[PDB]
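> Pasting an experimental structure, sequence included:
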Amino acid sequence: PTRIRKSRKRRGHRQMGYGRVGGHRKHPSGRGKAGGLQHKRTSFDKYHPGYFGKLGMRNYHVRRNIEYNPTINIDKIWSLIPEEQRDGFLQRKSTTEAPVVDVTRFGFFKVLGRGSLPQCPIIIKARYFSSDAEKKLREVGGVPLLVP
Amino acid sequence: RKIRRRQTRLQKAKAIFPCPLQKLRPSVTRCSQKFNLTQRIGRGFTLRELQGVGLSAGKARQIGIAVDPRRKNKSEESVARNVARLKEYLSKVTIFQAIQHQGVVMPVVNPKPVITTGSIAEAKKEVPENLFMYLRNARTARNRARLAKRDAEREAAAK
Amino acid sequence: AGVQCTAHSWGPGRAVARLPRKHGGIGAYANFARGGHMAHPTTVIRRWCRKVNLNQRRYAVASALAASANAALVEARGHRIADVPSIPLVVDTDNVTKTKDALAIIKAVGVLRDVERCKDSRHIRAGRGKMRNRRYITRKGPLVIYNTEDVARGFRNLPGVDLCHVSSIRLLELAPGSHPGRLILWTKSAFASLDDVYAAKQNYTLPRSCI
Amino acid sequence: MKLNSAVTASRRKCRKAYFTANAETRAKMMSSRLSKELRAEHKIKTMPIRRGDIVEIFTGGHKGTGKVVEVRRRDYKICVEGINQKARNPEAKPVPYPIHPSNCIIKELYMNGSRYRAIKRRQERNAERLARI
RNA sequence: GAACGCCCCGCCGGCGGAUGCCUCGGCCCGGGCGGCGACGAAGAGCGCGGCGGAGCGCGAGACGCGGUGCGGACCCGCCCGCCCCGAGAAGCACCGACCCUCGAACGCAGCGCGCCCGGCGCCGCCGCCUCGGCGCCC
RNA sequence: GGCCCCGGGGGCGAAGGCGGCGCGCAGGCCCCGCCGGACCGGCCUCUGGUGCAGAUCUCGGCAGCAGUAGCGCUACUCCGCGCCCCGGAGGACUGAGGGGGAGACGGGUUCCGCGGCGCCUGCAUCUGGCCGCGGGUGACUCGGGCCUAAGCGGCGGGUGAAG
RNA sequence: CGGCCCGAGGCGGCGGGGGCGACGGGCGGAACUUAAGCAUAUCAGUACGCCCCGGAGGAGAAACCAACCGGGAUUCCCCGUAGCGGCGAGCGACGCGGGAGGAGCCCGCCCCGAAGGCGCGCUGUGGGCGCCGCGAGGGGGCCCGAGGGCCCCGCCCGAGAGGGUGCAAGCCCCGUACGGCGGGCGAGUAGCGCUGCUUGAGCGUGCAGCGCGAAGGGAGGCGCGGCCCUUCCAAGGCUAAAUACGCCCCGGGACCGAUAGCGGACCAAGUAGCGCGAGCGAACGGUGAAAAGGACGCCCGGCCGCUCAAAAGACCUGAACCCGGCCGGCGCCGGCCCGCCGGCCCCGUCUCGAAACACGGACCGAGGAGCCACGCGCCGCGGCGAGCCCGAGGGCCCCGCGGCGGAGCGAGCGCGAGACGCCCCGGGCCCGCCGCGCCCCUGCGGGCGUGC
Ligand SMILES: [K+]
Ligand SMILES: [K+]
Ligand SMILES: [K+]
Ligand SMILES: [K+]
Ligand SMILES: [K+]
Ligand SMILES: [K+]
Ligand SMILES: [K+]
Ligand SMILES: [K+]
Ligand SMILES: [K+]
Ligand SMILES: [K+]
Ligand SMILES: [K+]
Ligand SMILES: [K+]
Ligand SMILES: [K+]
Ligand SMILES: [K+]
Ligand SMILES: [K+]
Ligand SMILES: [K+]
Ligand SMILES: [K+]
Ligand SMILES: [K+]
Ligand SMILES: [K+]
Ligand SMILES: [K+]
Ligand SMILES: [K+]
Ligand SMILES: [K+]
Ligand SMILES: [K+]
Ligand SMILES: [K+]
Ligand SMILES: [K+]
Ligand SMILES: [K+]
Ligand SMILES: [K+]
Ligand SMILES: [K+]
Ligand SMILES: [K+]
Ligand SMILES: [K+]
Ligand SMILES: [K+]
Ligand SMILES: [K+]
Ligand SMILES: [K+]
Ligand SMILES: [K+]
Ligand SMILES: [K+]
Ligand SMILES: [K+]
Ligand SMILES: [K+]
Ligand SMILES: [K+]
Ligand SMILES: [K+]
Ligand SMILES: [K+]
Ligand SMILES: [K+]
Ligand SMILES: [K+]
Ligand SMILES: [Mg+2]
Ligand SMILES: [Mg+2]
Ligand SMILES: [Mg+2]
Ligand SMILES: [Mg+2]
Ligand SMILES: [Mg+2]
Ligand SMILES: [Mg+2]
Ligand SMILES: [Mg+2]
Ligand SMILES: [Mg+2]
Ligand SMILES: [Mg+2]
Ligand SMILES: [Mg+2]
Ligand SMILES: [Mg+2]
Ligand SMILES: [Mg+2]
Ligand SMILES: [Mg+2]
Ligand SMILES: [Mg+2]
Ligand SMILES: [Mg+2]
Ligand SMILES: [Mg+2]
Ligand SMILES: [Mg+2]
Ligand SMILES: [Mg+2]
Ligand SMILES: [Mg+2]
Ligand SMILES: [Mg+2]
Ligand SMILES: [Mg+2]
Ligand SMILES: [Mg+2]
Ligand SMILES: [Mg+2]
Ligand SMILES: [Mg+2]
Ligand SMILES: [Mg+2]
Ligand SMILES: [Mg+2]
Ligand SMILES: [Mg+2]
Ligand SMILES: [Mg+2]
Ligand SMILES: [Mg+2]
Ligand SMILES: [Mg+2]
Ligand SMILES: [Mg+2]
Ligand SMILES: [Mg+2]
């Protein structure tokens, strides 16, 4: 709303906050980003390291759905099991009726190892594992599995 | 524009009563590694799918099926899923106080996943003892074989 | 507008100010010249609409409906409810086609003075608005909310009356002027489908009551 | 409240239609109520004013009764006999004060072949409406 | 001193066209529609009313003519004319005609001239009439 | 967009204008008298092309200056009721490369007769190229139409993305 | 002398040509501007010039995309970075996914040879929404120039949208709500070499000139040569829909209200007027309810007075600056009733510094300058919270994908976080990148450590 703005509080002041000595002119520094290596060098080095130059290999066309790679940690695995069933599985730490969790159905590929699991056997099927995700899973009685 | 389009498809639907406004279209897999495991609506049915039920291309076009002879099946499951879709639709079709079907015919629905059970002991004979090393040998197999060949020619040249 | 003519500056040396001038010397093409363009002309690309989340739209309808269940906020909104049995006013009508019969109910209950309050208030408004198709003003009375019964034909002509089918309730009707407490005449089938309507909003729970 | 969307409710367009109306529309817009005595006989409520009728005037500063000498369709006014501007001389001519037809009530009608028929045409349609209702 | 000038203690006059109220107009958005021409278009010139300058309209049948329907008392001045169970002023819609010079502009030119007694421009397609060639043959 | 307790103020006089009290530190607000002759608001929420002494600002009106600066071509006078118009008598001028008599180009009715002074005729007017109302340019022999000059068009075609 | 071939003049029927301030297709094609200079770059494949259609046009049924547990002609909508670049300033596609709409076919070649559209053709025909009409319901009393005003009592309502009428009208009049009529698969080609333009296309995105010129071929976002795999069939053609838009008609608006809004509200605006011409281009809205537009008389234009509620008399209201007549008196602030005493340089501006012999300003009125769109940062408040979300679209209400957040680090192959803590700050430890002891299985691979 125009009626609550700072600029309407300057009616009657000859110069709307821009000063008498300097004033308000068109483009006293130039337009846009120009000057970054000469007269704005003090600005560009203080706040934008690595703005100038080249770095690394280039790919003329990236395949966005090849490089896509979702991930899930082991501390998030038991929340994929619906709440109505988690209690019973913990109740009976079965080796012969352990829960099977296939994480690609939920849309993940690799399993990483942050966190910890409850003391309960469980089977996890995925496309790739990290080394300590496997280590913490075998510590619990679980098995990792690879799936198509 | 929303009112104009609704009026156009109301007039078209009377002119074909009781035919629906849509053709029966197949069920196909969404295409990339990111979207497979779910289905969507395709363009048309293949001639191998049509050979399954007993319809020619001209014959199936007549009773409301879209036919796409440019598509080719990539697997045996692609055929069974769509033959069952053709078989079902032929049941719920009548050919001449009649009902006109709204929206897409036989919408495609993707199920939410479920948990399953199993035995810890029957799953161990599936995997080696060190799975991470097993994966890392396969990931690096081409690269290690190149360095292996390079060394072997460091000594044939060096007698 | 302002830029169909031909005008250029005369420059210094001729004892005149430097604005663009038409052939002959007439001022042109400036906001301070008679006939020139605006300094910053108005454009239709102004953002005319505003966004509101769906949760906050449902809160406003519910809070505006709860205000309507108080006899002290309805009174302080402006209505005349001093001869009314209950301010959550439910009434069984079930079909109304003649305005004469619909006037008889509103009397038979006690909302008669609110519609005459509205009837005797029609007047010509005060400003430029009466050249722009907004010539008369009337005050706002009761709101009848209906579900399955024909009432619209017999109620609509009455001064200061509005009609809402219960499945689609409008916040600009519930809070005229942005003031919450409207007087509402519920049909019986409207009032008895309120919970069904809020059960039809998928994955929605009403906000928590407080002190 | 209006429902038909081919009909303007804009003041500018409505005022322009009152002016610049063609002559057949202006004649209809210069109607007046029939007296009760003629309402019973003809079963009609209003009629378009015409040169030759007898009118009873009220609501004005020139109340009276007389015959319609002239119709000033451009002004939407009618000149009645006996209703004049108060004159200067004792000899000089009368000058009609012009009356708006809606300030009048018709007491007797000029009749001819067309006026009998247009009444009968209008009663039969008003009976179609009275059978539908 | 008076007068001139200046202020206003007040009462009246000029000059000018602000302010207020008013609006057959603009502007913005949306919906329709998408309909010209050698059968002479768009545009231009000249002329046409009882008293007739401008603009609208019309074309030597000229401020209009006819036909089918509708309508039913007027026709801005001065006159004319109409008036009635049909006799018919204003008005409205569709349809049939008239349609001077220039203009793609078509006998040549642009206001002046012809060839021939119908008439008389350029390009293209399909046919047809009459014909040419030391092209290929007979 | 709302409210203004029987539904806000108005021809028993709205908005605006001119004077005069009061209230507020102030921006400003309120009342009264006269004018005017049809519309106008206080409080809450919303919106913006939202407040002038200046820009050699723009458009319009207009003061002092001021009854001021200013009004080549030798020249008019008497009488006729008499104007610088008309008549008579006198005195002068242009001075045959004319302030004379006629054409070409350009102008377009300015031409003529009768009437007239509102505008114009930088003074006046009874004058008039001004205003109103009627009129007006006749060809075998004069010119144009024809011929060609310097030129300019046209021409199966040629060229260029086209024009 | 006839035929066929290649031409010429004439005649008949039919077609073409010009026109438009938009949208659409094909060509030619700038400079200002930005880079704080300026050549590449940008502006812009824009202005403008030329040609050509239609009611739409163009495009179009893969010599396509991909790398999947795969899609499947064209167009349009929502959604988001590869890359190009004095690697500067700047510039910039697309697939997958969600929707609107959905439609498929032909000729050449080959077979048959006049079976054909038969004066032709064997140098190959033929077949395979707008038009009509009805339309309800108010009186009496005060008052006024005039009742749509005030007081008191009623009626209609599927109609209280609105316009007119002598002053605010549901009921004074036209309308408004309720309804009837019509209804076997293409050669000077593809490709290649050199050169010019164009593109995000980078040892070539697309096009073109010239030289050369294939047989199975094309494509897979980095060149060359070899081997595979995956996927298509160019050098010929037709095609509805979803999409875009001025003039003109129709409806609507928190828009302007006569110096505004179109240049143009005014019986005669692209007019009057100006320029050799191309072209330039104004100003001017309002009497009253009714023209009732001004009686009778007296002097020789004036007076008196008539119409009207009123002259409102050439016209609504009628401010300021400036001026004429009558009456009173001889700059701002302060004290006193009042002409004395005391104080007081010309404002705005640039400037170390203005009363300045620094500039602008005779006077008065009306107009007259930080608004809007998009992107980035931070702060505040509302809703919900490991989640969140009125895309587009489909049925102020209902349903509705991406996306962003949730894990980082590394040029990349890729690997991948728990150990403490009201909060804040620091310490310690864990993950990646660079280095390095030691032990081992599936091995330039795993485990356990150390250091910036
Ligand atoms: K500032
Ligand atoms: K500074
Ligand atoms: K600058
Ligand atoms: K700059
Ligand atoms: K820079
Ligand atoms: K590099
Ligand atoms: K211009
Ligand atoms: K200037
Ligand atoms: K200047
Ligand atoms: K929400
Ligand atoms: K809401
Ligand atoms: K002077
Ligand atoms: K004369
Ligand atoms: K060429
Ligand atoms: K260019
Ligand atoms: K440039
Ligand atoms: K330059
Ligand atoms: K440059
Ligand atoms: K560059
Ligand atoms: K460039
Ligand atoms: K640079
Ligand atoms: K569809
Ligand atoms: K009336
Ligand atoms: K060839
Ligand atoms: K080539
Ligand atoms: K480029
Ligand atoms: K590059
Ligand atoms: K060459
Ligand atoms: K490749
Ligand atoms: K490429
Ligand atoms: K490549
Ligand atoms: K103007
Ligand atoms: K200065
Ligand atoms: K300076
Ligand atoms: K200085
Ligand atoms: K100063
Ligand atoms: K000085
Ligand atoms: K001085
Ligand atoms: K200075
Ligand atoms: K100076
Ligand atoms: K000065
Ligand atoms: K690295
Ligand atoms: Mg300050
Ligand atoms: Mg200032
Ligand atoms: Mg500065
Ligand atoms: Mg400085
Ligand atoms: Mg400055
Ligand atoms: Mg100038
Ligand atoms: Mg303007
Ligand atoms: Mg006002
Ligand atoms: Mg004329
Ligand atoms: Mg001709
Ligand atoms: Mg505004
Ligand atoms: Mg402004
Ligand atoms: Mg000023
Ligand atoms: Mg001499
Ligand atoms: Mg003369
Ligand atoms: Mg004079
Ligand atoms: Mg001769
Ligand atoms: Mg011919
Ligand atoms: Mg520019
Ligand atoms: Mg530069
Ligand atoms: Mg610069
Ligand atoms: Mg430069
Ligand atoms: Mg570009
Ligand atoms: Mg097309
Ligand atoms: Mg380029
Ligand atoms: Mg095509
Ligand atoms: Mg204007
Ligand atoms: Mg006046
Ligand atoms: Mg300076
Ligand atoms: Mg200076
Ligand atoms: Mg000066
Ligand atoms: Mg002002």
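Sure thing, it's come through. Residues are numbered from 1 along each chain as shown, chains lettered A, B, ... in the order given. Ligands and ions are numbered 1, 2, ... in the order given.
> Pick out the residue in chain C sitting closest to ligand 23.
At 19.0 Å from ligand 23, residue C:124 is the closest residue in chain C, using CB to the ion. In short, each C-beta sits where N, CA and C put it, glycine included.
> again, but for chain B
As assessed by CB to the ion, ligand 23 sits closest to residue B:3 within chain B, at 43.3 Å.
> Checking that residue next. Helix, strand or coil?
Taken by DSSP: H, G, I helix; E, B strand; the rest coil, the conformation at residue B:3 corresponds to helix.
> Next one: it from ligand 8, what distance?
55 Å (CB to the ion, to the nearest Å).
> and that residue, how many residues sit next to it?
7 (other CB atoms under 10 Å in any protein chain shown).
> what about the helices in chain D?
D:11-18, D:23-29, D:36-42, D:113-132 (DSSP state H).
> Can you say which of those helices is nearest to chain C?
helix D:11-18 (6.1 Å; CB to the nearest CB).
> With residue D:115 as the reference, measure out to the residue of chain A found nearest ligand 23.
Per CB to the ion, residue A:3 is where chain A lies closest to ligand 23, at 46.9 Å. Distance, residue A:3 to residue D:115, by CB to CB, to the nearest Å: 66 Å.
> So for the two, which sits in the more crowded spot?
Shown here are residue A:3 and residue D:115; by other CB under 10 Å, residue D:115 has more neighbours (15 against 5).
> check contacts around that one.
By CB atoms under 8 Å, 6 or more residues apart in numbering or on different chains, the contact list for residue D:115 reads D:50, D:109.
> what does residue A:2 give?
Per CB under 8 Å, 6+ apart, neighbours of residue A:2: residue A:8.
> now residue D:42, nearest residue through space, not along the chain?
Using CB to CB, 6 or more residues apart in numbering or on different chains and skipping the chain neighbours, the partner closest in space to residue D:42 is residue D:119 (5.9 Å).
> how many neighbours does the one you found have?
Count around residue D:119 with other CB under 10 Å applied: 15.
> Please look at the residue of chain C closest to ligand 23 and residue C:130 and confirm they touch.
Yes - if you go by CB atoms under 8 Å, residue C:124 and residue C:130 touch, sitting 6.0 Å apart.
> The two: which is more packed in?
Using other CB under 10 Å, the more surrounded residue of residue C:124 and residue C:130 is residue C:130, with 14 against 9.
> Looks to me like the residue of chain A closest to ligand 23 is in a helix.
Yes - assessed by three-state DSSP, residue A:3 belongs to a helix.
> Just say helix, strand or coil for residue C:196.
helix.
> That one and RNA strand E: what is the separation?
As judged by CB to the nearest atom of the strand, to the nearest Å, residue C:196 and RNA strand E stand 36 Å apart.
> Distance-wise, check that residue relative to residue C:173.
For residue C:196, the distance to residue C:173 - CB to CB - is 21 Å.
> Looking at the two, which has the bigger crowd around it?
Just comparing residue C:196 and residue C:173: by other CB under 10 Å the higher neighbour count belongs to residue C:173, 16 against 11.
> What about residue 57, how many residues nearby?
All of this is about chain A. A count of nearby residues for residue A:57, using other CB under 10 Å, gives 4.
> Chain B is the one I meant
15.
> Please look at it and residue B:68 and confirm they touch.
No - the criterion here is CB under 8 Å, and residue B:57 misses it with residue B:68 at 9.7 Å.
> Would you map the helices across chain A?
Taking DSSP H, the helices of chain A run over residues A:41-47, A:83-91, A:131-138.
> got a list of what the closest residue to residue B:47 other than its chain neighbours touches?
Excluding the flanking residues, the one nearest residue B:47 by CB to CB, 6+ apart is residue B:69, at 5.9 Å. Residue B:69 makes contact with B:44, B:46, B:47, B:57 under the criterion CB under 8 Å, 6+ apart.
> Let's have those residues in TSV, adding distance to RNA strand F and secondary structure.
What follows is the contacts of residue B:69, written out as TSV (distance: CB to the nearest atom of the strand, whole Å; DSSP: H, G, I helix; E, B strand; the rest coil):
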residue	distance to RNA strand F	secondary structure
B:44	45	coil
B:46	49	coil
B:47	49	helix
B:57	47	helix
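> Just the buried ones among the residues you listed, please.
Using 16 or more other CB atoms under 10 Å in any protein chain shown as the burial test, the contacts of residue B:69 include B:44, B:46, B:47 as buried.
> What is the nearest of these to chain C?
Set against chain C, the nearest of those by CB to the nearest CB is residue B:44 (34.2 Å).
> ok, so what distance separates the nearest residue to the closest one once chain neighbours are set aside from residue B:82?
Excluding its sequence neighbours, the residue lying closest to residue B:44 (CB to CB, 6+ apart) is residue B:68, at 2.6 Å. According to CB to CB, residue B:68 stands 11 Å off from residue B:82.
> out of the two, which sits in the busier spot?
Shown here are residue B:68 and residue B:82; by other CB under 10 Å, residue B:82 has more neighbours (22 against 16).
> Whichever strand or helix holds the more buried one and chain A in contact?
Assessed by DSSP states H and E, residue B:82 sits inside helix B:77-91. No - Helix B:77-91 lies apart from chain A when judged by CB under 8 Å from any CB of the partner chain; the minimum separation is 12.3 Å.
> For that helix, give me every contacting residue.
By CB under 8 Å, 6+ apart, helix B:77-91 touches B:24, B:26-29, B:45-46, B:48-50, B:52-53, B:55, B:65, B:73, B:105-106.
> Equivalent analysis for stretch C:104-120, please.
Stretch C:104-120 is contacted from outside by C:79-85, C:89, C:91, C:93, C:96, C:138-142, C:158-161, C:183, C:185, using CB under 8 Å, 6+ apart.
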